[PDB]
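K.L.:
This is run_29.pdb (PDB, C-alpha atoms).
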```pdb
ATOM      1  CA  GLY A   1     143.584  70.820 120.857  1.00  0.00           C
ATOM      2  CA  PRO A   2     143.496  68.090 123.546  1.00  0.00           C
ATOM      3  CA  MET A   3     140.545  66.364 121.866  1.00  0.00           C
ATOM      4  CA  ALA A   4     142.382  64.961 118.857  1.00  0.00           C
ATOM      5  CA  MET A   5     140.808  61.527 119.279  1.00  0.00           C
ATOM      6  CA  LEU A   6     137.224  61.893 118.094  1.00  0.00           C
ATOM      7  CA  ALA A   7     135.795  58.432 117.442  1.00  0.00           C
ATOM      8  CA  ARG A   8     132.549  59.960 116.173  1.00  0.00           C
ATOM      9  CA  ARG A   9     133.798  61.589 112.950  1.00  0.00           C
ATOM     10  CA  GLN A  10     130.358  62.759 111.857  1.00  0.00           C
ATOM     11  CA  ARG A  11     131.273  64.014 108.392  1.00  0.00           C
ATOM     12  CA  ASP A  12     128.270  63.068 106.282  1.00  0.00           C
ATOM     13  CA  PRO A  13     125.234  65.376 106.671  1.00  0.00           C
ATOM     14  CA  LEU A  14     123.103  62.235 106.434  1.00  0.00           C
ATOM     15  CA  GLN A  15     124.389  61.098 109.835  1.00  0.00           C
ATOM     16  CA  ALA A  16     123.797  64.490 111.464  1.00  0.00           C
ATOM     17  CA  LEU A  17     120.368  64.734 109.880  1.00  0.00           C
ATOM     18  CA  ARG A  18     119.484  61.137 110.812  1.00  0.00           C
ATOM     19  CA  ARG A  19     120.249  61.997 114.426  1.00  0.00           C
ATOM     20  CA  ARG A  20     117.759  64.856 114.178  1.00  0.00           C
ATOM     21  CA  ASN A  21     115.294  62.696 112.202  1.00  0.00           C
ATOM     22  CA  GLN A  22     115.387  60.078 114.954  1.00  0.00           C
ATOM     23  CA  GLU A  23     114.596  62.877 117.390  1.00  0.00           C
ATOM     24  CA  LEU A  24     111.647  63.972 115.244  1.00  0.00           C
ATOM     25  CA  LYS A  25     110.359  60.401 115.227  1.00  0.00           C
ATOM     26  CA  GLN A  26     110.483  60.298 119.031  1.00  0.00           C
ATOM     27  CA  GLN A  27     108.404  63.477 119.078  1.00  0.00           C
ATOM     28  CA  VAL A  28     105.947  61.955 116.596  1.00  0.00           C
ATOM     29  CA  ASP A  29     105.600  58.811 118.717  1.00  0.00           C
ATOM     30  CA  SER A  30     105.027  61.139 121.662  1.00  0.00           C
ATOM     31  CA  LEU A  31     102.318  63.003 119.746  1.00  0.00           C
ATOM     32  CA  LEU A  32     100.639  59.715 118.904  1.00  0.00           C
ATOM     33  CA  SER A  33     100.895  58.921 122.606  1.00  0.00           C
ATOM     34  CA  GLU A  34      98.634  61.937 123.203  1.00  0.00           C
ATOM     35  CA  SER A  35      96.198  60.928 120.458  1.00  0.00           C
ATOM     36  CA  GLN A  36      96.118  57.499 122.103  1.00  0.00           C
ATOM     37  CA  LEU A  37      94.977  58.829 125.472  1.00  0.00           C
ATOM     38  CA  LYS A  38      91.338  58.681 126.544  1.00  0.00           C
ATOM     39  CA  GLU A  39      91.805  62.068 128.204  1.00  0.00           C
ATOM     40  CA  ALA A  40      92.606  63.327 124.707  1.00  0.00           C
ATOM     41  CA  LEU A  41      88.904  62.930 123.978  1.00  0.00           C
ATOM     42  CA  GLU A  42      88.662  66.429 125.463  1.00  0.00           C
ATOM     43  CA  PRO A  43      87.456  68.822 122.700  1.00  0.00           C
ATOM     44  CA  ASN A  44      90.146  71.370 123.589  1.00  0.00           C
ATOM     45  CA  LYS A  45      92.954  68.808 123.462  1.00  0.00           C
ATOM     46  CA  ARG A  46      92.073  68.034 119.838  1.00  0.00           C
ATOM     47  CA  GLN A  47      93.142  71.546 118.806  1.00  0.00           C
ATOM     48  CA  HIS A  48      96.246  71.270 120.966  1.00  0.00           C
ATOM     49  CA  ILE A  49      97.239  68.017 119.267  1.00  0.00           C
ATOM     50  CA  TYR A  50      96.448  69.621 115.904  1.00  0.00           C
ATOM     51  CA  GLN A  51      98.897  72.427 116.745  1.00  0.00           C
ATOM     52  CA  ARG A  52     101.657  70.006 117.777  1.00  0.00           C
ATOM     53  CA  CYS A  53     101.045  68.061 114.589  1.00  0.00           C
ATOM     54  CA  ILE A  54     101.508  71.114 112.378  1.00  0.00           C
ATOM     55  CA  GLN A  55     104.716  72.016 114.215  1.00  0.00           C
ATOM     56  CA  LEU A  56     106.246  68.554 113.742  1.00  0.00           C
ATOM     57  CA  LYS A  57     105.040  68.444 110.136  1.00  0.00           C
ATOM     58  CA  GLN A  58     106.778  71.773 109.550  1.00  0.00           C
ATOM     59  CA  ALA A  59     109.918  70.341 111.157  1.00  0.00           C
ATOM     60  CA  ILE A  60     109.904  67.199 109.015  1.00  0.00           C
ATOM     61  CA  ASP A  61     109.359  69.244 105.849  1.00  0.00           C
ATOM     62  CA  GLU A  62     112.248  71.448 106.944  1.00  0.00           C
ATOM     63  CA  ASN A  63     114.476  68.377 107.273  1.00  0.00           C
ATOM     64  CA  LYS A  64     113.178  67.163 103.919  1.00  0.00           C
ATOM     65  CA  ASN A  65     114.219  70.522 102.445  1.00  0.00           C
ATOM     66  CA  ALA A  66     117.607  70.265 104.130  1.00  0.00           C
ATOM     67  CA  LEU A  67     118.050  66.711 102.872  1.00  0.00           C
ATOM     68  CA  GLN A  68     117.181  67.826  99.340  1.00  0.00           C
ATOM     69  CA  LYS A  69     119.671  70.701  99.609  1.00  0.00           C
ATOM     70  CA  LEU A  70     122.359  68.364 100.933  1.00  0.00           C
ATOM     71  CA  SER A  71     122.529  66.508  97.635  1.00  0.00           C
ATOM     72  CA  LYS A  72     125.941  67.668  96.448  1.00  0.00           C
ATOM     73  CA  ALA A  73     126.154  65.644  93.225  1.00  0.00           C
ATOM     74  CA  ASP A  74     128.612  68.197  91.848  1.00  0.00           C
ATOM     75  CA  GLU A  75     130.974  67.024  94.567  1.00  0.00           C
ATOM     76  CA  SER A  76     132.497  63.544  94.591  1.00  0.00           C
ATOM     77  CA  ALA A  77     130.610  62.503  97.723  1.00  0.00           C
ATOM     78  CA  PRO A  78     127.469  60.467  96.681  1.00  0.00           C
ATOM     79  CA  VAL A  79     128.939  56.968  96.457  1.00  0.00           C
ATOM     80  CA  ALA A  80     126.450  54.099  96.057  1.00  0.00           C
ATOM     81  CA  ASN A  81     125.326  53.485  99.669  1.00  0.00           C
ATOM     82  CA  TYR A  82     125.386  57.249 100.167  1.00  0.00           C
ATOM     83  CA  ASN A  83     122.575  57.685  97.631  1.00  0.00           C
ATOM     84  CA  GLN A  84     120.848  54.590  98.984  1.00  0.00           C
ATOM     85  CA  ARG A  85     120.719  55.925 102.548  1.00  0.00           C
ATOM     86  CA  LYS A  86     119.644  59.298 101.180  1.00  0.00           C
ATOM     87  CA  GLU A  87     116.674  57.701  99.400  1.00  0.00           C
ATOM     88  CA  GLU A  88     115.729  55.481 102.344  1.00  0.00           C
ATOM     89  CA  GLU A  89     115.745  58.575 104.548  1.00  0.00           C
ATOM     90  CA  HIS A  90     113.118  60.046 102.219  1.00  0.00           C
ATOM     91  CA  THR A  91     111.016  56.942 102.832  1.00  0.00           C
ATOM     92  CA  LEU A  92     111.061  57.307 106.624  1.00  0.00           C
ATOM     93  CA  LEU A  93     110.471  61.057 106.765  1.00  0.00           C
ATOM     94  CA  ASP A  94     107.739  60.798 104.146  1.00  0.00           C
ATOM     95  CA  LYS A  95     105.703  58.246 106.103  1.00  0.00           C
ATOM     96  CA  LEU A  96     106.035  60.397 109.208  1.00  0.00           C
ATOM     97  CA  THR A  97     104.831  63.330 107.099  1.00  0.00           C
ATOM     98  CA  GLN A  98     101.816  61.317 105.918  1.00  0.00           C
ATOM     99  CA  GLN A  99     101.218  59.977 109.431  1.00  0.00           C
ATOM    100  CA  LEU A 100     100.909  63.508 110.771  1.00  0.00           C
ATOM    101  CA  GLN A 101      99.112  64.875 107.711  1.00  0.00           C
ATOM    102  CA  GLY A 102      96.489  62.141 107.814  1.00  0.00           C
ATOM    103  CA  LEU A 103      96.002  62.527 111.551  1.00  0.00           C
ATOM    104  CA  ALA A 104      95.910  66.326 111.348  1.00  0.00           C
ATOM    105  CA  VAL A 105      93.122  66.325 108.768  1.00  0.00           C
ATOM    106  CA  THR A 106      91.251  63.673 110.727  1.00  0.00           C
ATOM    107  CA  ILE A 107      91.427  65.820 113.873  1.00  0.00           C
ATOM    108  CA  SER A 108      90.730  69.027 111.961  1.00  0.00           C
ATOM    109  CA  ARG A 109      87.466  67.479 110.781  1.00  0.00           C
ATOM    110  CA  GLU A 110      86.433  66.871 114.387  1.00  0.00           C
ATOM    111  CA  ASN A 111      85.547  70.546 114.536  1.00  0.00           C
ATOM    112  CA  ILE A 112      82.326  70.296 112.546  1.00  0.00           C
ATOM    113  CA  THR A 113      80.817  73.339 114.214  1.00  0.00           C
ATOM    114  CA  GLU A 114      80.821  75.917 111.447  1.00  0.00           C
ATOM    115  CA  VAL A 115      78.725  74.580 108.573  1.00  0.00           C
ATOM    116  CA  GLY A 116      79.219  77.687 106.486  1.00  0.00           C
ATOM    117  CA  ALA A 117      81.717  80.333 105.421  1.00  0.00           C
ATOM    118  CA  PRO A 118      81.410  83.427 107.656  1.00  0.00           C
ATOM    119  CA  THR A 119      83.559  86.524 107.247  1.00  0.00           C
TER
END
```
Take the structure from the file and write it as structure tokens.
P.N.:
Amino acid sequence: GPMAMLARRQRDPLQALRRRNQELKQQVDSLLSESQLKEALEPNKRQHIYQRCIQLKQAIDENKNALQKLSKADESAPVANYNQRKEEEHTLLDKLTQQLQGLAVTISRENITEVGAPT
């Protein structure tokens, strides 16, 4: 068509995924922005942050699954820096996973109301 001049040329799934990963990071930073607020000391907000944390964690794990599935070694695509960027992407997403996971548990243990196991 009349758009035969795409300078982007986003072939590699790594680039598409990285775009989404960068977006996830912005959401994580935003979540931390909530956990950084004094108004977030509100008991109710803790559960709300906990919910947002689980959602993002699910999203990152989803990307991690996608990234693992987009490892076409049977195809002549993984060339040196390709595998390097793929591994480094694991490093970033993993820390974000741990960042949320650690925070989530920390917040989840702010609900020390039930000291037993009721049905």
K.L.:
For this structure, which residues satisfy the selection - the PyMOL selection byres ((chain A and resi 25-27) around 10) - when it is evaluated on the file as given? I want them as a list in words.
P.N.:
residues 20, 21, 22, 23, 24, 28, 29, 30, 31, 32, 33, 52, 53, 56, 60, 92, 93 and 96 of chain A
K.L.:
Check which residues of region 5-33 of chain A sit at most 10 Å from region 65-77 of chain A using all atoms listed in the file, and return one row each with the closest pair of atoms and their distance in Å to one decimal, ordered by chain and rising number, as a tab-separated table.
P.N.:
```
residue	atom	partner	partner_atom	distance
A:12	CA	A:77	CA	8.9
A:13	CA	A:70	CA	7.1
A:14	CA	A:67	CA	7.6
A:17	CA	A:67	CA	7.6
A:18	CA	A:67	CA	9.8
```
K.L.:
If I take CA of residue 34 (chain A) and CA of residue 97 (chain A), how far is one from the other in Å, to one decimal?
P.N.:
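Straight-line distance from CA of residue 34 (chain A) to CA of residue 97 (chain A) works out to 17.3 Å.
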K.L.:
Any idea what the distance is between CA of residue 47 (chain A) and CA of residue 99 (chain A)?
P.N.:
16.9 Å
K.L.:
What is the distance between CA of residue 90 (chain A) and CA of residue 61 (chain A), in Å to one decimal?
P.N.:
10.6 Å
